[PDB]
DNA sequence: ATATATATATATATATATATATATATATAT
DNA sequence: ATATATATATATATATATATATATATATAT
Ligand SMILES: Nc1ncnc2c1ncn2[C@@H]1O[C@H](COP(=O)(O)OP(=O)(O)OP(=O)(O)O)[C@@H](O)[C@H]1O
Ligand SMILES: [Mg+2]
Ligand SMILES: [Mg+2]
């Protein structure tokens, strides 16, 4: 039954062009946290692209599915990695929701300051928003 | 013999309960996220208190179970645990392993971590119901408790003149906000514990020492350049 | 009918050979290990299928033999398909001493647990000290270096006997051991009340004991 | 119960000798017609029988059968010396194509000795005999005796068939391929064998 | 630590149960008297003379005496073991009754000692817990607690041995029977033993060796020898560490904004983030605007909450400057 | 009765541990550790640690200083207890 | 009492680091740098110097912390360069003794990414000698070289007062490190070592380790042998009763 | 987006792939007593304003369980926000969430 | 005196069987 | 015309047994 599936005839790997070395197999243990996060996001955007291309033949010709992805604890990435992520997502028309404990301050997009409090003996998240900077 | 076993188990359980409860007062209200404190909850388990009572008083009534050639001693203990107290509903694990577990006194104490989250009282600390920074703070508190316990337990073997070194790590310390990191620093300074933390940003600019590492590709190899950082200039 | 076990093998022999204990027990036996009452599982397994296993091992030209004391072992024949070997003379001496300690009531306080030091003390008590040392080294005359050498040789022979099942080291201690009834074989030359030179001939004929 | 065909294999009068030789590590090749045919017929069951011993009954690509002990082997295991492996690889090399014109399948101890001296490095030879040795008569005599001993040990394994006489002249079987290296497309067997040995 | 103390010191060189009962009775009486005196209470001198001089010395001495009696029982145990061993050497089959008897008396004595120990262990423990309860009547009674913690273990310890010894003896006993059932049953006349002894003495006059199966070991292929990586690495050695300093500009800005904003909290004036941000950002160049806005918001949200946030009516995105900057926040009313 | 400095220190350590021991029993597994510690403190290596420990324990047992009981389950398969003479000699100084 | 302290951590010939000594802090040392800077490598070096067991050392990403990725590689081999590598911790004891513990690491040649570690300890080294220099030889014009264990032993033995020990087992290494107040617990058994590594690994990845919180009993409460002996006694009694019944 | 209770498991960021440890999926505590809503607002390529969402409710009982009912709204005017449909502006200080 | 072989124990990852809880379609009482 | 109970499929994750690799002790032999 496995043999009857053409995909099983194909070998798939993820490769990264790391530093002065050539293309290496992408091993989670042989990469830093930021590099692994970037590689994962790249693979995810590829998967989304693949699904949209697969389903385009079964949709109206003028339907472009919405694209969105998350990134929790984005503070694990430095400024350059975050800039690369934003450039990559803008190129692909993909939306991003990133959660940062105030460590990073990306100037482009919308930002929401959250502050937990107690009001009327109930927990309340005071939320303020900014956008348009840059 | 069964009576003696039950009595020794009870004595050891009481001693450990008292030790842990006395130790609990060694924490001073860490402020991690909404978590305002961390505590250890040690209590003799009733599902095992019943078993201890049976072993101490009513060994002869269940002899149909102990002297069955099919069941080993561990399996016999597991089956007796099943017999009385039948609402526990243990899972797929075999009788042999759940009996070998019963042969250990520590399993007779429920030993949980409670956190004083906000204003809801002391709740069992489960990762599924805690922020990431709150869980990091709680975990580090538990780790320092473990280290303190180990050091105390070795106070006899060691010489009177040596106090062991203390050190712990924190990778991706950027997941903690300023308040949590300050709390960690003060808690460690109180406990004479060293910390080595890593973060892409200078998350602690005014405490301890700080280095900045920059990796440079250089003639087809990689070299790291390290420069210290100072609080003020 | 065909596709039926009785065609090739007896049912009980097949059951014995299919038992979970058979492979380890067989490897140990072929290695030369004697089986005593202490190995409750293995001893009972041998007892249940003694005849089936005996006829199985007969195919190798080796006799699975149960001494009257109740311990099983293997005696290869001259045409053995499984190689054969003879204990060293020092091994015979130490085995005789171990049997003596098994039968000695003076050591009753030990409760069967003995240390190599006690074994060596008994050995020197019953044997000829310097003339026993002669085998350890041809040029010994009471030198303490040769004394330690003899102690080490006795320790090595004790380990070898442990490998043969004649002795068990304690579950946590390798410096203490408990004797087993297998040691009785070291007295097979004297269990019968006859002339030693005739009993020796009987044994060597039976394959029990080659000479040196 | 027991598998029926397994019982048939165990009952066969060939089983005792073959079992002893397998548990002794001997390799059964195509030369042993009866034993090889027995293993061919009953492999599907003898593999399970010897897996009960935490050992694997392996049929090599060349065809010869053998037993590979696992870490949890119930059969007392043992390991060949370094000189043993060197001599095994030497014999594998001598299983050559030029071999047909060189010795016609019959070699002598002198061939192996000269090949070992010329081919191996001096440091490994000394490690075999002893480190402090240096090109001496006693050391070389001891080395030759150890070579003979390892040749006998290999004979026990079936790698080398002695020609029947006290004199040391033998033939090399295909099972020796165990010491050999893997073969790639277009690789010269001599070159790869020597690269492995070096 | 005592090893150095010993090194510098330079030094070198009644089993009757009626007794045990009478010491136990004396201990019970004295312990009850001391416990009652402690419970009644008194000053520091009374506490001392009633719970530290009488209790401490008496209980320590008599518990040591009871332990000494147990040690004497252990000595008798050893001696009876030796006597049985010596007797079996002289009579062999005819000493079986003697050895069984001796085992009987020793077992009975051990059981009686255990019975006498447990005859008063419980009450003594109760009195000791009572003294624990009464100890807290004064702050200087710390030492008393130690005894109330020490005299516990000893007592219990004593009782423990009273069973452990039997646990040991009931073991030894069995072995002896086993010996008679195994060693002497097949050597009733002992002839096998003497003949084995003479064979050992005269073994080498007819040296013979037994035969054992010696199946071959399964020779295996040696794993490849492991060779490390050697390259004689060389490289430039690092210079002295340089240093860099952190900019506190943001600290100055935050302090400025905090001072400018505290007036709103002081006066409880309704704070509107839109207007405040629009006014305040005019004081800085455009590139810095973001770094101001964030900080300002951080300072404003600590000051009370906005009551409108519970109305379910979303707020608008008010522009706070040119170039297209916007803010979404309700007026902060509840300080 | 013959207690060199090392034997005396080992006996005193045994007495101290027995005083601080919970139930007043000493398996040889702890006696060997105590002898190891005393010998390390005295800084002398005539033979191996194990042989010295065994010889000293046997000498004290035969010198009426310790009593031995064979219990297989106990750590070291033996349980040792101070004898009245040993108690007296130890507490004379302690 | 004055608790001992880690003065510094030295990496010689690691991935990126040729010979770098970080002077740790009495309370807190911070490492900063963009992604791929080499902070996790520094902590890997420290942990390897502390617990050199190769059954334990497993440097998973901070992501998938404890999640089986099927990589088959522990991640230690890639962090070292070809040649001889060192990882040493300098510790000032409670007794004011400067002891330099450490390991010599070195890749094993071949396809499998396997590493070889040999611990060692140095006592009595003068306070004026830096471990960065002690492990390197100044060969060339300011072009120091890394020297192996044998050369290091020769260099140290030629000094006066320094005691260099090399350990044939990790157990002896940990015993010596505990005797000198570098570890809280005595890691006599392999399980003790596993628990120590679990604690440091939990700290490294931060927060509630599943392995720890699932065995807080094994980590906090001590083992007791009296209960086990009592259970063995009851087991023996039950065995005898069963024998009689049968 | 995915109102399936088999898959929804809001474990902690640390322990991102680790086993459950506990049995709670982490969603019950994030809700409050009453009727909760989680609604996305979407503008298609065809420029239709579609308001997708789910209604959540703590299932009262012994355990910590949740009930999710998906729903979709189409054709809403652009001048009405999702927080205006689901809350009645009663005269009190705080609005009322309607089922 | 020390290299080397051997047996044992532990940690770690793989693979399979199985019980639990949820989602979906149909049946049947309300 | 409806909502609850059933049967089915599925993913989750729980536990066991296996096999591998590493560390250790230690017993042999030169
Ligand atoms: N085992 C390995 N094999 C190969 N390269 C590795 C290995 N481990 C780390 N690296 C590389 O070393 C460099 C430093 O990685 P490292 O894990 O030290 O980063 P880091 O300081 O933790 O960074 P981040 O902040 O992104 O977590 C990166 O290029 C990483 O790819
Ligand atoms: Mg979070
Ligand atoms: Mg990292």
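Computed over chain H, the percent of Cα pairs more than 19 Å apart is 56. In this structure, residue F:37 and residue C:125 have a Cβ-Cβ separation that, at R0 = 30 Å, corresponds to a calculated FRET efficiency of about 0.30. To the nearest ten degrees, helix G:190-205 and the longest principal axis of the Cα atoms of chain G are 60 degrees apart. With q set to 0.13, 0.17 Å⁻¹, the log10 of I(q)/I(0) for region B:157-220, from the Debye formula over equal scatterers at the Cα positions, is -0.49, -0.69.
Give me the angle, in degrees from 0 to 90, between the Cα long axis of helix B:73-83 and the longest principal axis of the Cα atoms of chain B, rounded to the nearest 10. The helix B:73-83 is inclined about 80 degrees to chain B. The angle between the Cα long axis of helix G:39-50 and the longest principal axis of the Cα atoms of chain G comes to about 60 degrees, rounded to the nearest 10. Packing-based ranking of E:117-130, E:221-234 yields E:117-130, E:221-234, ordered from highest to lowest mean Cβ neighbour count within 10 Å.
Summary value for chain G: 16 percent relative contact order, contacts being C-alpha pairs under 8 angstrom separated by 6+ residues.
Does region E:1-145 come out rounded, prolate or oblate, given a ≥ b ≥ c as the square roots of the eigenvalues of its C-alpha gyration tensor, rounded meaning a/c under 1.5 and, failing that, prolate meaning a/b above b/c? Judged from the Cα gyration tensor, region E:1-145 comes out oblate (a/c at least 1.5, b/c at or above a/b). Average projection, convex hull of the Cα set of region C:146-203: 5.6 square nanometres. Counting, for every residue in C:52-64, the Cβ atoms of other protein chains within 10 Å of its Cβ and taking the mean gives 2. Calculated [222 nm] ellipticity per residue, helices only, for chain D: -15500 deg cm²/dmol; basis is -39500 (n - 2.57) per DSSP H run with n ≥ 4, divided by all residues, nearest 500. For peptide C:195-201, the mean count of partner chain Cβ atoms within 10 Å of a residue's Cβ comes to 2.
Do you know the relative contact order of chain C, to the nearest whole percent, from alpha carbon pairs under 8 angstrom that are 6+ apart?
Details: 216 pairs, mean separation 43.5, N = 212.
21 percent.
Note on residue D:96 and residue A:43: with the Förster distance fixed at 51 Å, the Cβ-Cβ geometry gives a FRET efficiency of about 0.50.
When N is the residue count of region D:87-155, what does its C-alpha Rg come to as a fraction of 2.2 N^0.38 Å?
Values: Rg = 12.9 Å, N = 69, 2.2 N^0.38 = 11.0 Å.
Dividing the Cα Rg of region D:87-155 by 2.2 N^0.38 Å gives 1.17.
May I ask you to list the residues of region B:124-162 whose amide nitrogen lies under 14 Å from a point 7 Å from Cα along the Cα→beta-carbon direction of residue E:4? Flagged as within label range: B:159-162. Starting from the exponent 0.38 and prefactor 2.2 Å, build the expected Rg for chain F from its residue count and divide its actual Cα Rg by it. The reported ratio for this selection is 1.00. Distance distribution P(r), region C:5-76, all Cα-Cα pairs, bin width 10 angstrom from 0: 20, 58, 20, 2 percent.
Principal axis analysis of the Cα atoms in chain C yields extents of 74, 41, 31 Å, listed in decreasing size.
Taking Cα atoms of chain E, Rg/Rh with Kirkwood Rh, to two decimals?
Working: Rg = 44.9 Å, Rh = 32.0 Å.
Ratio value, two decimals: 1.40.
Out of every Cα-Cα pair in chain G, what percent are more than 33 Å apart?
Details: 8318 of 30135 pairs.
Counting pairs separated by more than 33 Å, the tail of P(r) holds 28 percent.
Sticking with the crude label model, points 7 Å out along Cα→Cβ, report the distance from residue E:214 to residue D:183 in nm, one decimal please. Calculated label separation equals 4.1 nm.
Three principal axis extents describe the C-alpha atoms of the protein assembly as shown; from largest down they are 125, 113, 82 Å.
Dividing the alpha-carbon radius of gyration of chain A by 2.2 N^0.38 Å (N being the number of residues), what value is obtained? Intermediate values should be presented prior to the final figure.
Values: Rg = 19.8 Å, N = 134, 2.2 N^0.38 = 14.1 Å.
Relative to the rule-of-thumb radius for its length, chain A sits at 1.40.
Say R0 is 60 Å: what FRET efficiency, to the nearest 0.05, do residue G:157 and residue A:79 get from their beta-carbon distance? Before the final figure, lay out each step's value.
Numbers: r = 51 Å, r/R0 = 0.85.
Given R0 = 60 Å and the Cβ-Cβ separation, E is 0.75.
Please give the calculated 222 nm ellipticity per residue for chain A, where each DSSP H segment of at least 4 residues contributes -39500 (n - 2.57) and the sum is spread over every residue; nearest 500 deg cm²/dmol? Taken over chain A, the calculation gives -9000 deg cm²/dmol.
Placing a pseudo-label 7 Å from each Cα along the Cα-to-Cβ vector at residue E:244 and residue H:94 gives an inter-label distance of 4.9 nm. Using the average count of surrounding beta-carbon atoms within 10 Å as a protection proxy, the listed peptides E:266-275, B:177-186 rank, highest first, as B:177-186, E:266-275.
Taking the helices alone, chain G has a mean residue ellipticity at 222 nm of -9500 deg cm²/dmol, built from -39,500 (n - 2.57) per DSSP H run of at least 4 residues and averaged over all its residues.
Would you mind calculating the relative contact order of chain A from Cα pairs under 8 angstrom and at least 6 residues apart, reporting the percent as a whole number? About 15 percent, as a whole number. Starting from a Cα-only point model with no solvent, please compute log10 I(q)/I(0) by Debye for region E:260-335 at q = 0.18, 0.20, 0.21 1/Å. Relative scattering, expressed as log10 I(q)/I(0), comes to -0.73, -0.88, -0.95.
From most to least packed by mean Cβ count within 10 Å, the peptides H:54-62, G:40-48, A:1-9 give G:40-48, H:54-62, A:1-9.
Among the residues of B:112-119, the average count of other protein chain beta-carbon atoms within 10 Å of the residue beta-carbon is 1.
Positions of Cβ are generated from backbone atoms using ideal geometry, with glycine treated the same way; all protein chains shown enter the neighbour counts. Here, each number is a calculation from the coordinates, and none is a lab measurement.
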